[PDB]
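Reviewing the structure listed below.
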Amino acid sequence: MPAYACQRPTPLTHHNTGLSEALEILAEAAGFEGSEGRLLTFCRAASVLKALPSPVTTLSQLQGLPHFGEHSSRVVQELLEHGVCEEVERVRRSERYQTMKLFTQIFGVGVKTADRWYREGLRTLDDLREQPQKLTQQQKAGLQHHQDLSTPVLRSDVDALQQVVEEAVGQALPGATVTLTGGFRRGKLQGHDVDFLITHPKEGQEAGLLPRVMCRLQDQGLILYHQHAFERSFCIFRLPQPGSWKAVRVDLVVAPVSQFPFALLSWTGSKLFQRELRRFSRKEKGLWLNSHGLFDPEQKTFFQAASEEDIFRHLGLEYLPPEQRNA
DNA sequence: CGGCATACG
DNA sequence: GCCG
Ligand SMILES: O=c1ccn([C@@H]2O[C@H](COP(=O)(O)OP(=O)(O)OP(=O)(O)O)[C@@H](O)[C@H]2O)c(=O)[nH]1
Ligand SMILES: [Cl-]
Ligand SMILES: [Cl-]
Ligand SMILES: [Mg+2]
Ligand SMILES: [Mg+2]
Ligand SMILES: [Mg+2]
Ligand code: NA
């Protein structure tokens, strides 16, 4: 079992679901306390279990697996022996965890804002609604739409939404294309949002595109919230439903075609997969990876990629399709 | 021990 | 919290 998640296939569904879920609770709680390192270790340990070919049934099967030391091994040991880990259950029921989870789930509220509200004594969404002078416009939209945004987006919803985005994109710039990315590209059946990547086959034509797209969608009455030159939009869209509609989070990103493989790789995820790939690139290969390119800081050159396959090859990694990037 | 991903809004 |  290699140490980086980008070195091994990780499918969406696997054979250690309960164990991985428990470790991810501890990872999430570590993040709420500001410990990024602990969060990463617990996330990495969970992801190792997702990559195994069969269920862990005995503690001895953890021997030699990366990211399993005394703490993660004890969690697994307790789940195997008793079906429950006391530390995990204590986190689950804790007021701190439940409130930080509730607050950070809001679009526009991160850990730092949630923590400050927690320390001020706030606990519920109605607590926040009763003090709207303390909210940004983004947070107000996140709070007004919180209920709809807490409902999973279905893969059945995605097709309808891609068609409306394509219509606006085609008027904004004929020939521009829309690609589904994020979790749905990795095979998820549900999501918290829909992620799209937009480009045009003629380098340079995509400059200035996203404002033109957003203005068109707003004129069609489909935008419930957006932030307004720009190239990324994190919006709330109106999606039709039987006799009504619901609010859905949609992310739109524009990239030049020369950067498209890098942007597609970056926005397809998973989040852990991308962090691990970027860490691998820098620490093992001495190359700096981001959503725009892959840089050699010694030669001061960028690697020209025509496909995600090119990028895996240039990092010396076996290619993983999106469905195997569910780290 | 140092390190832990990344840039745009 | 774990790796090198
Ligand atoms: O902190 C982050 C968040 C997101 N991303 C990049 O943005 C992509 C989309 O980020 P999302 O937050 O939309 O996640 P997701 O689509 O994988 O899963 P859902 O919760 O939406 O179902 C991610 O898959 C990752 O590639 C990061 O690189 N870092
Ligand atoms: Cl590999
Ligand atoms: Cl690390
Ligand atoms: Mg998504
Ligand atoms: Mg998104
Ligand atoms: Mg230390
Ligand atoms: Na949030």
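By convention in this document, chain letters (A, B, ...) are assigned in the order of the sequence lines, proteins followed by strands, and residues within each chain are numbered from 1.
For the pair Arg96(A) and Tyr118(A), the cation-pi criterion (under 6.0 Å, within 45° of the ring axis) is fulfilled.
Counting to the nearest Å, the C1' atom of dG9(B) and the OH atom of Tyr225(A) are 9 Å from each other. In this structure, the CG atom of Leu62(A) is 11 Å from the P atom of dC2(C), given to the nearest Å. In this entry the distance linking CZ of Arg249(A) with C1' of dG9(B) reads 12 Å, nearest Å. Nucleotide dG9(B) holds its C1' atom 12 Å from the CE atom of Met214(A), rounded to whole Å. With rounding to whole Å, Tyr4(A) atom OH is found 10 Å from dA5(B) atom P. Distance CZ (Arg282(A)) to P (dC4(B)): 7 Å, rounded to an integer number of Å. Summarising the geometry, the separation between CD1 on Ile198(A) and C1' on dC8(B) is reported as 15 Å, rounded to the nearest angstrom. Rounded to whole Å, the distance from CZ on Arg44(A) to P on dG4(C) is 10 Å.
Closest to the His67(A) side chain, of the nucleotides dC3(C), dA5(B), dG9(B), is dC3(C). For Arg278(A), whose side chain is taken as the heavy atoms from C-beta onward, the closest listed nucleotide among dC4(B), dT6(B), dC8(B) is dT6(B). Comparing atom distances between the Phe230(A) side chain and each of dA5(B), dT6(B), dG9(B) picks out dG9(B) as nearest. Listed nucleotides: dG4(C), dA7(B), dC4(B). Nearest to the side chain of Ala3(A): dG4(C). For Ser72(A), counting side-chain heavy atoms from C-beta on, the closest listed nucleotide (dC4(B), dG9(B), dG1(C)) is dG1(C).
A donor-acceptor pair shorter than 3.5 Å cannot be found between the side chains of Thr124(A) and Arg129(A). A donor-acceptor pair shorter than 3.5 Å can be found between the side chains of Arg8(A) and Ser47(A).
Nucleic acid contact for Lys283(A): sugar-phosphate only, since backbone atoms but no base atoms lie under 4.0 Å from a heavy atom of the residue. In this structure, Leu277(A) reaches neither bases nor backbone, as no heavy-atom distance under 4.0 Å exists between it and the strands shown. Across all strands, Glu231(A) comes closer than 4.0 Å only to sugar-phosphate atoms, never to a base (heavy-atom distances).
Mapping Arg275(A) and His292(A) onto DNA chain B by nearest heavy atom places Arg275(A) closer to the 5' end of the strand. Closest-nucleotide positions on DNA chain C for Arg38(A) and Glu284(A) were compared, and the one nearer the 5' end corresponds to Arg38(A). Where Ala229(A) and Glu276(A) each meet DNA chain B at their nearest nucleotide, the meeting point lying more 5' is that of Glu276(A).
Between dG4(C) and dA5(B), the two P atoms lie 16 Å apart (nearest whole Å).
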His314(A) vs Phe312(A), ring pair (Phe, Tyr, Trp, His ring centres under 6.0 Å): CA-CA, chis, key distance, verdict: CA-CA 6 Å; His314(A) 201 74; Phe312(A) 280 90; over 10 Å; no

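The closest side-chain heavy-atom distance from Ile198(A) to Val253(A) is not below 4.5 Å.
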